[PDB]
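Chain letters run A, B, ... following the sequence lines, proteins first, then strands; residues in each count from 1. Each ligand, and each atom within it, is numbered from 1 in the order the structure gives.
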Amino acid sequence: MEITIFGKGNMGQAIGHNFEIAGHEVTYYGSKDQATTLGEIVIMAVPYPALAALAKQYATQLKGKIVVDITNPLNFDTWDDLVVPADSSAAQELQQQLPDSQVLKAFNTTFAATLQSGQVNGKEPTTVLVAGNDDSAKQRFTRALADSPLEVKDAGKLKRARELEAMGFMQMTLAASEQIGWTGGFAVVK
Amino acid sequence: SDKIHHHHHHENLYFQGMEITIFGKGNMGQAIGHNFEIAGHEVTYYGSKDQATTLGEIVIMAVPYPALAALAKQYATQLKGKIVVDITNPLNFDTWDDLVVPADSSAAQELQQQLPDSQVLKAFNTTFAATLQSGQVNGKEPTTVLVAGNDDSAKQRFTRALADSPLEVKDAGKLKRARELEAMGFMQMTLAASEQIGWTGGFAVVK
Ligand SMILES: NC(=O)c1ccc[n+]([C@@H]2O[C@H](COP(=O)([O-])OP(=O)(O)OC[C@H]3O[C@@H](n4cnc5c(N)ncnc54)[C@H](OP(=O)(O)O)[C@@H]3O)[C@@H](O)[C@H]2O)c1
(Lines give C-alpha, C1' and ligand atoms only; values in the text may rest on other atoms or scores of the structure.)
Protein backbone atom coordinates (compact mmCIF):
# COMPACT_ATOMS: atom_id res chain seq x y z
CA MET A 1 0.00 0.00 0.00
CA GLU A 2 0.89 3.73 -0.13
CA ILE A 3 2.47 5.16 3.08
CA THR A 4 2.91 8.98 3.30
CA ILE A 5 5.47 10.32 5.81
CA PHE A 6 5.54 14.08 6.75
CA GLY A 7 8.98 14.75 8.19
CA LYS A 8 12.25 13.62 6.58
CA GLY A 9 14.15 13.64 9.89
CA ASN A 10 15.32 10.80 12.07
CA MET A 11 11.95 9.33 12.94
CA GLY A 12 10.48 9.76 9.50
CA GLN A 13 13.43 7.98 7.97
CA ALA A 14 13.46 5.19 10.60
CA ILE A 15 9.72 4.63 10.31
CA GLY A 16 9.84 4.70 6.53
CA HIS A 17 12.72 2.17 6.55
CA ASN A 18 10.45 -0.39 8.20
CA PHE A 19 7.51 0.16 5.84
CA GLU A 20 9.95 -0.17 2.88
CA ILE A 21 11.30 -3.46 4.34
CA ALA A 22 7.69 -4.65 4.62
CA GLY A 23 7.29 -3.99 0.82
CA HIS A 24 5.37 -0.72 0.78
CA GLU A 25 5.78 2.35 -1.29
CA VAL A 26 6.83 5.20 1.07
CA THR A 27 6.64 8.85 0.07
CA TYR A 28 8.37 11.53 2.13
CA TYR A 29 7.56 15.26 2.43
CA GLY A 30 9.71 17.69 4.36
CA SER A 31 8.92 21.16 5.65
CA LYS A 32 9.52 22.82 2.24
CA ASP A 33 7.63 20.12 0.21
CA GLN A 34 3.92 19.89 -0.75
CA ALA A 35 1.90 16.69 -1.09
CA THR A 36 -0.57 16.33 -4.00
CA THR A 37 -2.15 13.12 -2.70
CA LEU A 38 -1.91 11.07 0.53
CA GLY A 39 -1.57 7.35 1.13
CA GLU A 40 -3.87 5.15 3.19
CA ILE A 41 -1.54 5.45 6.21
CA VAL A 42 -0.12 8.92 6.98
CA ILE A 43 2.76 9.31 9.50
CA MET A 44 2.99 12.75 11.22
CA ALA A 45 6.81 12.56 11.89
CA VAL A 46 7.09 16.20 12.82
CA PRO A 47 7.60 18.18 16.06
CA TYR A 48 4.51 18.59 18.22
CA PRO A 49 4.29 22.41 17.63
CA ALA A 50 4.02 21.68 13.85
CA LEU A 51 1.24 19.05 14.20
CA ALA A 52 -1.93 21.17 14.23
CA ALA A 53 -0.85 23.40 11.34
CA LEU A 54 0.05 20.29 9.28
CA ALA A 55 -3.29 18.63 10.06
CA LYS A 56 -5.04 21.86 8.99
CA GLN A 57 -3.05 22.07 5.75
CA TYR A 58 -4.14 18.56 4.69
CA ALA A 59 -7.58 18.59 6.39
CA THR A 60 -9.33 17.46 3.23
CA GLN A 61 -6.91 14.74 2.12
CA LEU A 62 -6.70 13.34 5.64
CA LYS A 63 -10.41 12.43 5.71
CA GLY A 64 -10.74 8.63 5.64
CA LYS A 65 -7.04 8.02 6.37
CA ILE A 66 -5.18 6.25 9.17
CA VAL A 67 -3.18 9.18 10.69
CA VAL A 68 -0.29 8.29 13.03
CA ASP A 69 0.81 10.70 15.76
CA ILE A 70 4.33 9.85 16.95
CA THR A 71 4.88 12.99 19.11
CA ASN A 72 6.25 13.30 22.61
CA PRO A 73 4.69 16.72 23.47
CA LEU A 74 7.30 17.79 26.03
CA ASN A 75 7.77 21.27 27.32
CA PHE A 76 11.31 21.53 25.86
CA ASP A 77 12.07 24.71 27.85
CA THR A 78 11.64 22.97 31.22
CA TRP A 79 11.68 19.19 30.47
CA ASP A 80 9.38 18.99 33.51
CA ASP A 81 5.94 18.81 31.92
CA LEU A 82 4.07 17.91 28.76
CA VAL A 83 2.29 20.73 26.88
CA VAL A 84 -1.04 18.89 26.52
CA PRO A 85 -3.65 18.47 29.28
CA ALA A 86 -2.74 16.03 32.10
CA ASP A 87 -5.88 13.94 31.36
CA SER A 88 -5.36 13.95 27.59
CA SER A 89 -2.80 13.56 24.84
CA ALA A 90 -1.60 15.10 21.57
CA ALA A 91 -3.30 12.16 19.78
CA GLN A 92 -6.66 12.90 21.41
CA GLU A 93 -6.24 16.55 20.31
CA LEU A 94 -5.48 15.40 16.79
CA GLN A 95 -8.48 13.06 16.70
CA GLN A 96 -10.77 16.01 17.64
CA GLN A 97 -9.16 18.10 14.90
CA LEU A 98 -9.51 15.24 12.37
CA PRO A 99 -12.96 13.79 13.10
CA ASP A 100 -13.12 11.89 9.76
CA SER A 101 -9.68 10.27 10.23
CA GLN A 102 -8.85 7.18 12.43
CA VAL A 103 -5.90 8.62 14.55
CA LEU A 104 -3.36 6.23 16.03
CA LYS A 105 -0.65 6.89 18.61
CA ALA A 106 2.40 4.86 17.58
CA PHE A 107 6.24 4.98 17.62
CA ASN A 108 6.44 7.64 20.38
CA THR A 109 7.94 5.00 22.75
CA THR A 110 10.58 3.70 20.28
CA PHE A 111 13.78 5.74 19.92
CA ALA A 112 14.75 6.33 16.24
CA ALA A 113 17.93 4.18 16.37
CA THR A 114 15.81 1.25 17.59
CA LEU A 115 13.50 1.62 14.58
CA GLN A 116 16.48 1.85 12.14
CA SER A 117 18.15 -1.21 13.60
CA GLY A 118 14.98 -3.10 14.58
CA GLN A 119 16.50 -3.84 18.03
CA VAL A 120 16.72 -2.16 21.45
CA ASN A 121 20.53 -1.73 21.62
CA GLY A 122 21.13 -5.07 19.92
CA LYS A 123 19.44 -7.03 22.69
CA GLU A 124 15.69 -7.37 22.04
CA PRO A 125 13.41 -6.71 19.06
CA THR A 126 11.93 -3.21 18.90
CA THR A 127 8.19 -3.05 19.74
CA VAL A 128 5.64 -0.51 18.57
CA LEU A 129 2.81 0.20 21.02
CA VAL A 130 -0.23 1.38 19.03
CA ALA A 131 -3.25 3.07 20.67
CA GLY A 132 -6.41 4.04 18.72
CA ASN A 133 -10.20 3.79 18.87
CA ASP A 134 -10.82 1.75 15.72
CA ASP A 135 -9.64 -1.85 15.79
CA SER A 136 -9.74 -2.13 12.00
CA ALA A 137 -7.33 0.86 11.73
CA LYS A 138 -4.98 -0.77 14.27
CA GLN A 139 -5.23 -4.08 12.42
CA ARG A 140 -4.40 -2.45 9.04
CA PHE A 141 -1.45 -0.58 10.57
CA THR A 142 -0.23 -3.77 12.24
CA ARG A 143 -0.60 -5.71 9.00
CA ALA A 144 1.37 -3.04 7.12
CA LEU A 145 4.38 -3.75 9.44
CA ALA A 146 4.03 -7.59 9.30
CA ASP A 147 7.12 -8.15 7.16
CA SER A 148 9.26 -5.58 9.03
CA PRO A 149 11.49 -6.60 11.89
CA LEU A 150 9.30 -4.71 14.40
CA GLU A 151 6.93 -6.27 16.89
CA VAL A 152 3.58 -4.48 17.20
CA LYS A 153 1.20 -4.63 20.22
CA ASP A 154 -2.22 -3.07 20.71
CA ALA A 155 -1.95 -0.52 23.54
CA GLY A 156 -5.74 -0.04 23.71
CA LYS A 157 -8.09 2.80 22.83
CA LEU A 158 -6.93 6.32 22.05
CA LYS A 159 -7.42 7.28 25.77
CA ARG A 160 -4.25 5.18 26.33
CA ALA A 161 -2.19 7.73 24.38
CA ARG A 162 -1.91 9.52 27.74
CA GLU A 163 0.00 6.54 29.17
CA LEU A 164 2.07 6.17 25.98
CA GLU A 165 3.07 9.85 26.14
CA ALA A 166 3.98 9.48 29.83
CA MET A 167 6.19 6.50 28.92
CA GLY A 168 7.88 8.38 26.06
CA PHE A 169 8.58 11.29 28.43
CA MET A 170 10.06 8.95 31.06
CA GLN A 171 12.19 7.18 28.47
CA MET A 172 13.60 10.49 27.23
CA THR A 173 14.41 11.80 30.74
CA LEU A 174 16.22 8.53 31.59
CA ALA A 175 18.31 8.73 28.39
CA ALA A 176 18.96 12.46 28.92
CA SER A 177 20.35 11.75 32.39
CA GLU A 178 22.66 9.11 30.75
CA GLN A 179 21.27 6.24 32.79
CA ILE A 180 20.28 4.63 29.54
CA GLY A 181 21.45 5.57 26.06
CA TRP A 182 19.53 6.70 23.02
CA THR A 183 19.95 3.37 21.12
CA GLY A 184 18.31 1.49 24.03
CA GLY A 185 15.18 2.18 26.04
CA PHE A 186 12.20 0.12 27.07
CA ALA A 187 12.14 -3.30 25.46
CA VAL A 188 8.75 -5.04 25.55
CA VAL A 189 9.35 -8.62 26.74
CA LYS A 190 6.62 -11.25 26.60
CA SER B 1 26.79 -12.06 64.40
CA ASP B 2 23.02 -11.53 64.83
CA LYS B 3 22.31 -9.06 61.95
CA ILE B 4 25.63 -9.32 60.13
CA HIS B 5 25.52 -10.76 56.63
CA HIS B 6 27.50 -11.02 53.40
CA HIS B 7 27.06 -8.25 50.80
CA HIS B 8 27.35 -9.80 47.37
CA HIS B 9 28.28 -6.62 45.37
CA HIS B 10 30.76 -5.35 48.01
CA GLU B 11 33.17 -8.33 47.46
CA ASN B 12 31.01 -10.54 49.70
CA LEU B 13 32.20 -8.48 52.73
CA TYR B 14 30.57 -9.27 56.03
CA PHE B 15 28.88 -6.41 57.83
CA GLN B 16 25.61 -5.22 59.30
CA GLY B 17 22.99 -4.34 56.79
CA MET B 18 20.02 -2.03 57.05
CA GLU B 19 16.65 -2.57 58.75
CA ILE B 20 13.87 -2.79 56.18
CA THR B 21 10.15 -2.97 56.99
CA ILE B 22 7.63 -4.17 54.44
CA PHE B 23 3.95 -3.53 54.86
CA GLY B 24 2.03 -6.07 52.74
CA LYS B 25 2.76 -9.80 52.57
CA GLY B 26 1.42 -10.31 49.04
CA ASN B 27 3.21 -11.18 45.84
CA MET B 28 4.89 -7.74 45.61
CA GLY B 29 5.80 -7.41 49.29
CA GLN B 30 7.37 -10.85 49.30
CA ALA B 31 9.31 -10.26 46.03
CA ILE B 32 10.59 -6.87 47.23
CA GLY B 33 11.60 -8.28 50.61
CA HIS B 34 13.36 -11.15 48.81
CA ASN B 35 15.73 -8.66 47.22
CA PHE B 36 16.49 -6.81 50.43
CA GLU B 37 17.11 -10.24 52.07
CA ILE B 38 19.59 -11.43 49.43
CA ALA B 39 21.29 -8.02 49.61
CA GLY B 40 22.12 -8.83 53.28
CA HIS B 41 19.58 -6.70 55.09
CA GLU B 42 17.20 -7.35 57.97
CA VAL B 43 13.64 -7.53 56.64
CA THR B 44 10.52 -7.55 58.78
CA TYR B 45 7.04 -8.03 57.23
CA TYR B 46 3.64 -6.83 58.49
CA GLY B 47 0.21 -7.09 56.96
CA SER B 48 -1.64 -3.74 56.91
CA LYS B 49 -3.67 -4.90 59.99
CA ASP B 50 -0.58 -6.22 61.92
CA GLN B 51 1.12 -4.20 64.61
CA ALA B 52 4.47 -2.82 63.41
CA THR B 53 6.63 -3.39 66.51
CA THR B 54 9.73 -2.21 64.67
CA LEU B 55 10.11 0.32 61.79
CA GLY B 56 13.33 0.34 59.78
CA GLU B 57 15.26 2.96 57.83
CA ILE B 58 13.30 2.08 54.67
CA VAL B 59 9.57 1.26 54.91
CA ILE B 60 7.95 -0.36 51.86
CA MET B 61 4.20 0.14 51.46
CA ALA B 62 3.34 -2.90 49.41
CA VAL B 63 -0.39 -2.56 50.08
CA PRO B 64 -3.40 -1.55 48.02
CA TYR B 65 -3.74 2.18 47.23
CA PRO B 66 -6.64 2.70 49.71
CA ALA B 67 -4.46 1.30 52.53
CA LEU B 68 -1.70 3.89 52.09
CA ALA B 69 -3.38 6.80 53.81
CA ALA B 70 -4.49 4.63 56.77
CA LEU B 71 -0.99 3.23 57.37
CA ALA B 72 0.56 6.66 56.97
CA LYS B 73 -1.91 8.02 59.56
CA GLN B 74 -1.31 5.23 62.07
CA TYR B 75 2.49 5.58 61.97
CA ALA B 76 2.94 9.21 60.86
CA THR B 77 5.08 10.33 63.84
CA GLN B 78 7.06 7.08 63.73
CA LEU B 79 7.75 7.53 59.97
CA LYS B 80 9.42 10.95 60.46
CA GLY B 81 12.90 10.88 58.95
CA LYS B 82 12.40 7.54 57.24
CA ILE B 83 12.37 6.54 53.55
CA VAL B 84 8.77 5.55 52.68
CA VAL B 85 8.26 3.71 49.39
CA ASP B 86 4.94 3.71 47.51
CA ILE B 87 4.80 0.80 45.05
CA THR B 88 1.16 1.21 44.05
CA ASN B 89 -0.45 1.18 40.64
CA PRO B 90 -3.62 3.03 41.72
CA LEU B 91 -6.04 1.61 39.16
CA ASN B 92 -9.77 1.92 39.17
CA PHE B 93 -10.21 -1.85 39.39
CA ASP B 94 -13.91 -1.61 38.59
CA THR B 95 -13.16 -0.26 35.12
CA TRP B 96 -9.46 -1.14 34.51
CA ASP B 97 -9.66 2.07 32.43
CA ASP B 98 -8.62 4.84 34.79
CA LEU B 99 -6.47 5.61 37.79
CA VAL B 100 -8.04 6.75 41.12
CA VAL B 101 -5.66 9.69 41.70
CA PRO B 102 -5.68 13.04 39.88
CA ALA B 103 -4.39 13.12 36.29
CA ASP B 104 -1.70 15.68 37.18
CA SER B 105 -0.57 13.84 40.32
CA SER B 106 0.21 10.41 41.81
CA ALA B 107 -0.41 8.31 44.88
CA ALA B 108 3.16 9.00 45.93
CA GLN B 109 2.67 12.82 45.78
CA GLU B 110 -0.41 12.38 48.01
CA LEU B 111 1.62 10.31 50.46
CA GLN B 112 4.40 12.95 50.49
CA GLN B 113 1.81 15.61 51.35
CA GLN B 114 0.53 13.42 54.22
CA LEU B 115 4.04 12.64 55.45
CA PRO B 116 5.95 15.89 55.00
CA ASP B 117 8.83 14.77 57.26
CA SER B 118 9.28 11.42 55.47
CA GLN B 119 11.31 10.92 52.31
CA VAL B 120 8.68 9.45 49.98
CA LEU B 121 9.86 7.47 46.99
CA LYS B 122 7.96 5.84 44.13
CA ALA B 123 9.59 2.49 43.28
CA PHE B 124 8.76 -1.05 42.08
CA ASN B 125 5.45 -0.15 40.48
CA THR B 126 6.91 -0.84 37.05
CA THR B 127 8.40 -4.28 37.99
CA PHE B 128 6.09 -7.31 38.03
CA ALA B 129 6.54 -9.59 41.12
CA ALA B 130 8.04 -12.48 39.10
CA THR B 131 10.74 -10.23 37.64
CA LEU B 132 11.69 -9.18 41.23
CA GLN B 133 11.75 -12.82 42.40
CA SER B 134 14.00 -13.95 39.51
CA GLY B 135 15.89 -10.71 39.01
CA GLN B 136 15.19 -10.92 35.27
CA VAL B 137 12.53 -9.86 32.78
CA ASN B 138 11.43 -13.36 31.64
CA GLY B 139 15.04 -14.60 31.71
CA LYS B 140 16.16 -12.12 29.02
CA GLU B 141 17.31 -8.86 30.74
CA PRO B 142 18.05 -7.71 34.30
CA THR B 143 15.07 -6.26 36.19
CA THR B 144 15.32 -2.52 36.80
CA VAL B 145 13.75 -0.50 39.56
CA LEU B 146 12.86 3.11 38.58
CA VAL B 147 12.87 5.29 41.65
CA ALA B 148 11.39 8.77 41.80
CA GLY B 149 11.65 11.12 44.81
CA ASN B 150 12.54 14.64 45.85
CA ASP B 151 15.52 13.91 48.13
CA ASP B 152 18.57 12.79 46.21
CA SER B 153 20.21 11.46 49.40
CA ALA B 154 17.18 9.30 50.12
CA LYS B 155 17.26 7.91 46.55
CA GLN B 156 20.99 7.21 47.00
CA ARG B 157 20.43 5.39 50.32
CA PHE B 158 17.59 3.32 48.79
CA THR B 159 19.78 2.50 45.77
CA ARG B 160 22.62 1.44 48.13
CA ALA B 161 20.21 -0.89 50.01
CA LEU B 162 19.58 -2.74 46.68
CA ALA B 163 23.22 -2.58 45.43
CA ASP B 164 23.87 -6.12 46.75
CA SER B 165 20.77 -7.52 45.04
CA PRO B 166 20.48 -8.58 41.35
CA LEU B 167 18.37 -5.56 40.46
CA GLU B 168 19.43 -2.53 38.48
CA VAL B 169 18.23 0.74 39.99
CA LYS B 170 17.83 4.00 38.07
CA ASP B 171 16.87 7.50 39.26
CA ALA B 172 13.57 8.42 37.60
CA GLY B 173 13.69 12.06 38.79
CA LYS B 174 11.82 14.05 41.35
CA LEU B 175 8.59 12.81 42.95
CA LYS B 176 6.51 14.63 40.25
CA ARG B 177 7.77 11.84 37.88
CA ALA B 178 5.64 9.34 39.86
CA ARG B 179 2.82 10.45 37.49
CA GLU B 180 4.73 9.01 34.54
CA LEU B 181 5.79 5.91 36.51
CA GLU B 182 2.14 5.22 37.39
CA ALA B 183 1.18 5.67 33.74
CA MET B 184 3.87 3.12 32.70
CA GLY B 185 2.79 0.65 35.44
CA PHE B 186 -0.83 0.92 34.25
CA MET B 187 0.14 0.36 30.65
CA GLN B 188 2.29 -2.66 31.58
CA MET B 189 -0.65 -4.19 33.51
CA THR B 190 -3.08 -3.70 30.61
CA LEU B 191 -0.61 -5.35 28.17
CA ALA B 192 -0.38 -8.41 30.51
CA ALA B 193 -4.20 -8.40 30.97
CA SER B 194 -4.59 -8.56 27.15
CA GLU B 195 -2.07 -11.47 26.94
CA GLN B 196 0.23 -9.52 24.62
CA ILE B 197 2.86 -10.00 27.29
CA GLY B 198 2.86 -12.35 30.31
CA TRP B 199 3.24 -11.57 34.01
CA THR B 200 6.91 -12.68 34.13
CA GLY B 201 7.90 -10.24 31.34
CA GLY B 202 7.13 -6.55 30.76
CA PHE B 203 9.28 -3.49 30.14
CA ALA B 204 12.99 -4.23 30.29
CA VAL B 205 15.15 -1.11 30.74
CA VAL B 206 18.04 -1.45 28.23
CA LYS B 207 21.07 0.86 28.31
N1 LIG C 1 13.97 10.97 17.71
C2 LIG C 1 13.39 10.01 18.46
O3 LIG C 1 14.15 8.91 18.88
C4 LIG C 1 11.93 10.11 18.87
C5 LIG C 1 11.27 8.99 19.45
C6 LIG C 1 9.88 8.98 19.52
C7 LIG C 1 9.12 10.08 19.05
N8 LIG C 1 9.78 11.16 18.52
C9 LIG C 1 8.96 12.26 17.99
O10 LIG C 1 9.06 12.20 16.57
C11 LIG C 1 8.83 13.47 16.01
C12 LIG C 1 9.95 13.74 15.01
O13 LIG C 1 11.17 13.70 15.71
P14 LIG C 1 12.58 13.48 14.96
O15 LIG C 1 13.57 12.99 15.96
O16 LIG C 1 12.39 12.89 13.66
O17 LIG C 1 12.98 15.02 14.60
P18 LIG C 1 13.78 15.54 13.30
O19 LIG C 1 14.91 14.62 13.09
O20 LIG C 1 14.14 16.99 13.47
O21 LIG C 1 12.65 15.40 12.19
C22 LIG C 1 11.49 16.17 12.24
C23 LIG C 1 11.35 16.72 10.82
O24 LIG C 1 10.03 17.21 10.67
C25 LIG C 1 10.17 18.23 9.69
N26 LIG C 1 8.99 19.10 9.64
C27 LIG C 1 8.63 20.15 10.47
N28 LIG C 1 7.44 20.64 10.05
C29 LIG C 1 7.05 19.90 8.97
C30 LIG C 1 5.94 19.94 8.11
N31 LIG C 1 4.98 20.84 8.32
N32 LIG C 1 5.84 19.04 7.07
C33 LIG C 1 6.79 18.06 6.83
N34 LIG C 1 7.90 18.06 7.67
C35 LIG C 1 8.02 18.94 8.71
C36 LIG C 1 11.48 18.95 9.97
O37 LIG C 1 11.99 19.51 8.79
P38 LIG C 1 13.04 20.74 8.79
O39 LIG C 1 14.33 20.31 9.46
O40 LIG C 1 13.27 21.10 7.33
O41 LIG C 1 12.41 21.87 9.59
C42 LIG C 1 12.36 17.84 10.53
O43 LIG C 1 13.41 17.45 9.65
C44 LIG C 1 8.78 14.42 17.18
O45 LIG C 1 7.46 14.75 17.44
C46 LIG C 1 9.39 13.66 18.35
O47 LIG C 1 8.90 14.03 19.62
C48 LIG C 1 11.16 11.19 18.41
Side-chain angles (χ1 to χ4, degrees), chain A residues 3-19 26-31 33-39 41-59 61-62 65 67-79 81-84 89-94 97-98 103-121 126-131 145 150 152 155 161-178 180-188, chain B residues 180 184 187 203 206-207:
Chain A
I3 311 300
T4 298
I5 301 189
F6 287 108
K8 292 182 168 177
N10 294 319
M11 291 295 287
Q13 292 172 52
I15 292 170
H17 173 62
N18 287 285
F19 285 106
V26 182
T27 301
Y28 301 85
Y29 300 96
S31 63
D33 303 320
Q34 299 65 34
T36 63
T37 181
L38 300 188
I41 292 174
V42 178
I43 312 302
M44 311 296 263
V46 299
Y48 172 80
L51 194 59
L54 181 65
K56 180 165 173 169
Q57 182 177 2
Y58 298 96
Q61 302 93 312
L62 288 167
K65 304 305 190 293
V67 178
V68 179
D69 168 28
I70 75 172
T71 64
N72 285 305
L74 270 66
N75 180 325
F76 284 89
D77 288 341
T78 72
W79 275 71
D81 273 293
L82 301 182
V83 301
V84 300
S89 63
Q92 283 170 293
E93 290 183 342
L94 187 61
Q97 183 179 5
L98 297 176
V103 172
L104 300 184
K105 191 85 198 191
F107 305 115
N108 82 285
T109 56
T110 55
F111 289 148
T114 79
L115 295 173
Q116 281 291 348
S117 72
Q119 297 176 280
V120 183
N121 206 359
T126 297
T127 308
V128 182
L129 298 175
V130 59
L145 291 170
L150 311 175
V152 180
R162 179 189 173 278
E163 286 71 39
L164 292 176
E165 287 172 5
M167 286 183 61
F169 178 28
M170 177 56 59
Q171 202 181 217
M172 290 169 61
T173 63
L174 285 172
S177 71
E178 303 190 308
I180 64 175
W182 297 91
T183 73
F186 307 140
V188 177
Chain B
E180 289 72 39
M184 183 172 170
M187 174 59 60
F203 304 137
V206 179
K207 290 181 81 75

Answer with side chain, backbone, both or neither: which part of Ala50(A) has a heavy atom less than 4.0 angstrom from an atom of ligand 1? side chain
Can you tell me how the ring of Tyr58(A) sits relative to the ring of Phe6(A), calling it parallel under 30°, perpendicular over 60° and tilted otherwise? tilted
Just which atoms of ligand 1 are under 4.0 Å from any heavy atom in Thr71(A)? 45 (O)
Mind checking whether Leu74(A) contacts ligand 1 via backbone (N, CA, C, O), side chain (CB onward), both or neither, at a 4.0 Å heavy-atom cut-off? neither
Nearest 0.5 Å, please: how far is CG in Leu129(A) from CE in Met187(B)? 6.5 Å
Just heavy atoms, cut-off under 4.0 Å: does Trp182(A) contact ligand 1 by side chain, backbone, both, or neither? neither
Roughly how far apart are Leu145(A) CG and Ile3(A) CD1, rounded to 0.5 Å? 8.0 Å
Show which atoms of ligand 1 fall inside a sub-4.0 Å distance from at least one heavy-atom site of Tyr29(A). 33 (C), 34 (N)
Taking 4.0 angstrom as the limit and counting only heavy atoms of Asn72(A), give me the atoms of ligand 1 inside it, by number and element. 6 (C), 7 (C), 8 (N), 47 (O)
Determine, stepwise, if the pair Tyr48(A) / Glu165(A) fulfils side-chain hydrogen bond (donor to acceptor under 3.5 Å, both in side chains). CA-CA 12 Å; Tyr48(A) 172 80; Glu165(A) 287 172 5; over 6 Å; no
Going by heavy atoms, is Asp33(A) under 4.0 Å from ligand 1? no
For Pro49(A), which residues count as a side chain to side chain contact (heavy atoms under 4.5 Å, CB included) partner, sequence neighbours excluded? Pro47(A)
Of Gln57(A), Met11(A), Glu165(A), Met44(A), which has the heavy atom at the shortest distance from atom 1 (N) of ligand 1? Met11(A)
Any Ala45(A) heavy atom less than 4.0 Å to ligand 1: yes
Contacts of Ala166(A) meeting side chain to side chain contact (heavy atoms under 4.5 Å, CB included) (sequence neighbours excluded), chain-then-number -> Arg179(B), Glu180(B), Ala183(B)
Atom indices of ligand 1, in the order listed, that fall short of 4.0 Å to a heavy atom of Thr110(A): 5 (C), 6 (C)
Any nitrogen or oxygen of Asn10(A) lying under 3.5 Å from a nitrogen or oxygen in ligand 1? Just yes or no. yes
Check each heavy atom of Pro73(A) against ligand 1 and say whether those closer than 4.0 Å belong to the side chain, the backbone, both or neither. neither
Report the distance from atom CE of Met11(A) to atom CD of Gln116(A), rounding to the nearest 0.5 Å. 10.0 Å
4.5 Å side-chain heavy-atom contact, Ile41(A) and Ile43(A): yes
Among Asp69(A), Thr114(A), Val46(A), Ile70(A), whose heavy atom sits nearest atom 44 (C) of ligand 1? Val46(A)
Which ligand 1 atoms, with their elements, are less than 4.0 angstrom from a heavy-atom of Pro47(A)? 24 (O), 27 (C), 45 (O)
Side chains of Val120(A) and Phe186(A): does their closest heavy-atom pair fall under 4.5 Å? no
Any N or O of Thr109(A) closer than 3.5 Å to N or O of ligand 1: no
Under 3.5 Å side-chain donor-acceptor pair for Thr71(A) and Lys105(A): yes
Quick note on ligand 1: atoms under 4.0 Å from a heavy atom of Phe107(A) include exactly 6 (C)
